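Okay, so here's the structure we're looking at.
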Amino acid sequence: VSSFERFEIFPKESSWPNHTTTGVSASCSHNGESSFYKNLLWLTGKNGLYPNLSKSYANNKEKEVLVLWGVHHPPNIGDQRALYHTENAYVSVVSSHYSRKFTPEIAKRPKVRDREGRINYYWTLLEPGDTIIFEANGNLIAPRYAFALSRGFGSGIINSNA
Amino acid sequence: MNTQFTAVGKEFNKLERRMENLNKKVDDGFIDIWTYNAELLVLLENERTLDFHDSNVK
Amino acid sequence: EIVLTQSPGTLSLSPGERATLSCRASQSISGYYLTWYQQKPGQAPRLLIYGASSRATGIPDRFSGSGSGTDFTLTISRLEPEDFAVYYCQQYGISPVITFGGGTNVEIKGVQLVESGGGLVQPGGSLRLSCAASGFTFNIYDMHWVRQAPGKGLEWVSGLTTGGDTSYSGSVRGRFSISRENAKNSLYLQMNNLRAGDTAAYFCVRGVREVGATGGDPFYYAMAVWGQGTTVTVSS
Ligand SMILES: *[C@@H]1O[C@H](CO)[C@@H](O)[C@H](O)[C@H]1NC(C)=O
Ligand SMILES: *[C@@H]1O[C@H](CO)[C@@H](O)[C@H](O)[C@H]1NC(C)=O
């Protein structure tokens, strides 16, 4: 780290009116009560009403930026139809340097922390001047908060129990 | 010596084993080189140190 | 959340007949948003229909509806004297507040919960209820406490998502207080400052699969299942 902090790239309030946002799960929990990760969001329909999205951001802060997102892989289809109302997955998280799309399916798995389902997590750095776009037909995890930073040099990582 | 503001460690998955056995080979190589040079250096410098003393008394 | 208005609160019709019922609100309100019930007095509610179209488990095909926005509608293909009953209209606010149509009698002319503690208190006083869970994962679902006077339109007292966003009514709030336990498989409702508006029957109610877990458990934005309720009264 030379600089590192947390800001609110897309505030949960007013980012996603047209998708119901507040849904969470019970493994991600706090003192025996359900939750989900602070920095991110789920999105789903407005009473089973999915429109598909295009959104973007580019830097004004003039510092480097660190961004995270995810891609939904349900363990069953009834969720997928019920939430998002497409068997089609097509997402496109795009930049100048980086760009990648996603089109997954159901893929059943064993219970792991009482979960079969999966969300594969995906991330990138994003510099000043460059723009990012998200496009999607659902099956997303979005940024609520994002990590502002400068670079650092020479510090690192330890494993230790002492 | 020049001692950088250093970060030694890395860690990897198991589809990178090229790089794992590399980074092992790398680090162990350098480690052994400093080890060998320094051990010879302590030996030689102490030998010349005894000779330095010997010389001054003579 | 918004005032509903059923249509009619009571009707009288003959065998071999349809029955149109229209529950409509102030504003236009999105249509996978309501669910539709029946009750035999003496019995708890039973679930029938959801989202203005679609049909619950263990069923005929006769109760069927339509409608959208401001006007939601449940129609009926055939009437029978076993259907003698009051049908209800329960909607999940976006202000996360259930609202209730006031029951609709059909007259035909010629796994489980368990509640705990219903009974008497003094008015202005203090008492607690609980519910306890049997045979599922009380982790997941969004829960609701509900009220019902005898042979009247319902009212919704409280509910809470499994993250902690409460919803009460502005009149009921503060005098009651909810609190939840998943490891213990039970729910709690400490209640104080109690007047004759509470002179009625109550229910503990299990709603919505939040987003995710393992199971053979899909979701609606309707209920899952109910409890047998219990009576509560202030009296002196
Ligand atoms: C939601 O869709 C409606 C379409 O009429 C539009 O007016 C509104 O701005 C949209 N909101 C967002 C957050 O996309
Ligand atoms: C959503 O995707 C479908 C796929 O063909 C497209 O027809 C529709 O225009 C898209 N809607 C939005 C709002 O992007």
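Ligands are numbered from 1 in the order shown, residues from 1 within each chain, and chains are lettered A, B, ... in the order they appear in the structure tokens.
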Give me, as a tab-separated table, the closest atom pair and its distance (Å, one decimal) for every residue of chain A within a cut-off of 10 Å of chain B, counting only C-alpha atoms, rows sorted by chain and rising number.
residue	atom	partner	partner_atom	distance
A:153	CA	B:5	CA	8.0
A:154	CA	B:6	CA	5.0
A:155	CA	B:7	CA	5.5
A:156	CA	B:7	CA	5.2
A:157	CA	B:9	CA	6.8
A:158	CA	B:9	CA	7.7
A:159	CA	B:9	CA	9.7
- Task: Please identify all polymer residues within 8 Å of residue 122 in chain A, counting only C-alpha atoms, omitting same-chain residues fewer than 5 positions from it, and present them as a ChimeraX atom specification.
- Result: /A:68-71
Using only C-alpha atoms, tabulate the residues of chain C lying at most 10 Å from any atom of chain A, each with its closest atom pair and that distance in Å to one decimal, by chain and increasing residue number, as a Markdown table.
| residue | atom | partner | partner_atom | distance |
| --- | --- | --- | --- | --- |
| C:29 | CA | A:47 | CA | 9.3 |
| C:30 | CA | A:47 | CA | 6.5 |
| C:31 | CA | A:47 | CA | 6.9 |
| C:32 | CA | A:47 | CA | 4.9 |
| C:33 | CA | A:47 | CA | 5.9 |
| C:34 | CA | A:47 | CA | 9.6 |
| C:51 | CA | A:47 | CA | 8.7 |
| C:92 | CA | A:47 | CA | 9.5 |
| C:94 | CA | A:20 | CA | 9.2 |
| C:137 | CA | A:26 | CA | 9.9 |
| C:138 | CA | A:26 | CA | 9.7 |
| C:139 | CA | A:26 | CA | 6.0 |
| C:140 | CA | A:26 | CA | 5.8 |
| C:141 | CA | A:26 | CA | 9.0 |
| C:161 | CA | A:34 | CA | 8.7 |
| C:162 | CA | A:34 | CA | 5.2 |
| C:163 | CA | A:34 | CA | 4.7 |
| C:164 | CA | A:33 | CA | 7.7 |
| C:165 | CA | A:22 | CA | 9.8 |
| C:180 | CA | A:33 | CA | 8.4 |
| C:181 | CA | A:32 | CA | 7.5 |
| C:182 | CA | A:32 | CA | 6.8 |
| C:183 | CA | A:32 | CA | 7.2 |
| C:209 | CA | A:25 | CA | 8.7 |
| C:210 | CA | A:23 | CA | 5.8 |
| C:211 | CA | A:25 | CA | 5.4 |
| C:212 | CA | A:25 | CA | 5.2 |
| C:213 | CA | A:115 | CA | 5.4 |
| C:214 | CA | A:115 | CA | 5.2 |
| C:215 | CA | A:115 | CA | 8.9 |
| C:216 | CA | A:76 | CA | 9.1 |
| C:217 | CA | A:78 | CA | 9.3 |
| C:218 | CA | A:78 | CA | 6.6 |
| C:219 | CA | A:79 | CA | 7.7 |
| C:220 | CA | A:82 | CA | 8.1 |
| C:221 | CA | A:47 | CA | 7.4 |
- Check range 39-140 of chain A with DSSP on the backbone and list each residue it calls strand (DSSP E), as JSON, numbers by chain. {"A": [40, 41, 42, 53, 54, 55, 56, 57, 58, 64, 65, 66, 67, 68, 69, 70, 71, 72, 73, 91, 92, 93, 94, 99, 100, 101, 102, 118, 119, 120, 121, 122, 123, 124, 125, 126, 131, 132, 133, 134, 135, 136, 140]}
Give me a file of those residues, with C-alpha atoms, as a PDB file, in the first residue's frame.
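Result file again_29.pdb:
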ATOM      1  CA  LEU A  40     -21.212  -5.701  -2.997  1.00  0.00           C
ATOM      2  CA  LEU A  41     -24.810  -6.305  -4.033  1.00  0.00           C
ATOM      3  CA  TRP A  42     -27.239  -8.865  -5.233  1.00  0.00           C
ATOM      4  CA  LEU A  53     -28.654  -3.517 -17.630  1.00  0.00           C
ATOM      5  CA  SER A  54     -25.919  -1.374 -19.013  1.00  0.00           C
ATOM      6  CA  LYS A  55     -23.879   0.729 -16.585  1.00  0.00           C
ATOM      7  CA  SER A  56     -20.385   2.143 -16.416  1.00  0.00           C
ATOM      8  CA  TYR A  57     -17.876   4.218 -14.525  1.00  0.00           C
ATOM      9  CA  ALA A  58     -14.570   5.931 -15.102  1.00  0.00           C
ATOM     10  CA  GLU A  64      -6.055   3.875  -9.156  1.00  0.00           C
ATOM     11  CA  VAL A  65      -9.136   1.830  -8.482  1.00  0.00           C
ATOM     12  CA  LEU A  66      -9.814  -1.773  -7.532  1.00  0.00           C
ATOM     13  CA  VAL A  67     -13.103  -3.357  -8.545  1.00  0.00           C
ATOM     14  CA  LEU A  68     -14.826  -6.665  -7.834  1.00  0.00           C
ATOM     15  CA  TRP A  69     -17.892  -8.417  -9.210  1.00  0.00           C
ATOM     16  CA  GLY A  70     -19.413 -11.864  -9.523  1.00  0.00           C
ATOM     17  CA  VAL A  71     -21.280 -14.235 -11.761  1.00  0.00           C
ATOM     18  CA  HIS A  72     -24.171 -16.395 -10.561  1.00  0.00           C
ATOM     19  CA  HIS A  73     -24.123 -20.182 -11.016  1.00  0.00           C
ATOM     20  CA  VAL A  91     -22.741 -10.777 -19.169  1.00  0.00           C
ATOM     21  CA  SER A  92     -20.031  -8.520 -20.548  1.00  0.00           C
ATOM     22  CA  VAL A  93     -17.718  -6.736 -18.113  1.00  0.00           C
ATOM     23  CA  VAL A  94     -15.510  -4.644 -20.331  1.00  0.00           C
ATOM     24  CA  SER A  99     -12.611  -7.405 -21.321  1.00  0.00           C
ATOM     25  CA  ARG A 100     -14.498 -10.604 -20.679  1.00  0.00           C
ATOM     26  CA  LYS A 101     -17.976 -12.090 -21.029  1.00  0.00           C
ATOM     27  CA  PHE A 102     -19.822 -14.834 -19.158  1.00  0.00           C
ATOM     28  CA  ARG A 118     -21.837 -20.999  -6.592  1.00  0.00           C
ATOM     29  CA  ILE A 119     -20.984 -17.446  -7.588  1.00  0.00           C
ATOM     30  CA  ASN A 120     -17.656 -17.232  -9.359  1.00  0.00           C
ATOM     31  CA  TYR A 121     -15.834 -14.056  -8.383  1.00  0.00           C
ATOM     32  CA  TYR A 122     -14.062 -11.839 -10.918  1.00  0.00           C
ATOM     33  CA  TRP A 123     -12.017  -8.667 -10.478  1.00  0.00           C
ATOM     34  CA  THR A 124      -9.655  -6.155 -11.983  1.00  0.00           C
ATOM     35  CA  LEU A 125      -7.558  -3.083 -11.504  1.00  0.00           C
ATOM     36  CA  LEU A 126      -8.757   0.068 -13.214  1.00  0.00           C
ATOM     37  CA  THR A 131     -13.700   3.363 -18.349  1.00  0.00           C
ATOM     38  CA  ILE A 132     -15.444   0.166 -17.299  1.00  0.00           C
ATOM     39  CA  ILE A 133     -18.803  -1.055 -18.584  1.00  0.00           C
ATOM     40  CA  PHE A 134     -21.051  -3.738 -17.177  1.00  0.00           C
ATOM     41  CA  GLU A 135     -23.722  -5.307 -19.381  1.00  0.00           C
ATOM     42  CA  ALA A 136     -25.948  -8.155 -18.260  1.00  0.00           C
ATOM     43  CA  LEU A 140     -24.576 -10.715 -11.214  1.00  0.00           C
TER      44      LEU A 140
END
- Message: I'd like to know which of A:129, A:152, A:51, A:143 is closest to ligand 1, using only C-alpha atoms and all ligand atoms.
- Response: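 For ligand 1, the nearest of the candidates is A:51.
CA of residue 83 in chain C lies 21.6 Å from CA of residue 222 in chain C.
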- Give the residue list for ligand 1 at 7 Å, counting only C-alpha atoms and all ligand atoms, as a list in words, sorted by chain and then by residue number.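 So the residues close to ligand 1 are residues 15, 16, 17 and 18 of chain A.
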